[PDB]
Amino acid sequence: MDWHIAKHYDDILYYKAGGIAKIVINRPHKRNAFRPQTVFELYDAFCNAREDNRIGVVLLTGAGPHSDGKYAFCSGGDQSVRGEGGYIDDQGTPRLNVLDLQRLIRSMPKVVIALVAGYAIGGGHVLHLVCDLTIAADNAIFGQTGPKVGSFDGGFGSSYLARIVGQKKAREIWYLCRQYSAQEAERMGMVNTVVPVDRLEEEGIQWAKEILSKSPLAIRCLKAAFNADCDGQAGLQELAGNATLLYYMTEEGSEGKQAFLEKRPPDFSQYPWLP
């Protein structure tokens, strides 16, 4: 693929090619753990993808292999900056801003695919989970660590995981903090497919292209519909929001607008009350 750099960052790499964006967490010396700046940059990059009318799919992955030969998607919050009440940014502010990133990935009307090679651990595991889809390399390793390292994600990390692998397996994952292979992760329902490491990016590109040939309006409505099964009124906001969008493409709707601007009463008399 001919990837073009789209913007420069300190902790990540960001590329575009056709309708695909690629976001790479680039802190291999920390197994691609995120510090607050990493989350800020990830958020910025995902926002850019959201605003780009040409991009329909974002591939999210980690830099590797590292000098020690190991692969990693993301090892979660950088523990070396963890202080009282959160992860300390350069101004001394404790933060949990990955929560904001989680929501953006979840709600943006573009499909996000996690491409996992090596470790997807802790907060890194939850990031893989909230991505729409996950493609794993056969060397991928999945797991949570919260109860061992003094943390937990009781939001999407728990409930949404249960909506993927079911309640028994979700609890096992969090309580024991074991590691799971790519094959185990696929069998339990949380990984869509598994390929060799050297095929991981091309598979992502293949899946991305099958989506890029579909109707953008259809895709965004379906993504909202899936969220609507989880996120109550916030889910309804996204789903109803797309209904409003589509309604704003109708003549019936436009008559309401035109009537207001022309200071006359609207005339919906020709329009039927359908069953």
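Numbers follow the displayed sequence, beginning with 1.
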{"item": "Mean Cα B-factor comparison, 16-24 or 260-268, giving the higher one as deposited", "value": "260-268"}
{"item": "Of 179-187 and 77-85, the one with larger mean CA B-factor", "value": "77-85"}
{"item": "Residue with maximal Cα B-factor (values as given in the PDB entry) among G124, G92, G146, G157", "value": "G92"}
{"item": "Candidate set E210, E238, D68, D231 [ranked by C-alpha B-factor, highest]", "value": "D68"}
{"item": "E202, C-alpha B-factor rank within chain (lowest, middle or highest third)", "value": "highest"}
{"item": "Position of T244 among the chain's modelled residues by C-alpha B-factor, lowest, middle or highest third", "value": "lowest"}
{"item": "Chain-wide C-alpha B factor ranking for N48, given as lowest, middle or highest third", "value": "middle"}
{"item": "Chain third (lowest, middle, highest) by recorded CA B-factor, residue given as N227", "value": "lowest"}
{"item": "Chain third (lowest, middle, highest) by recorded CA B-factor, residue given as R220", "value": "lowest"}
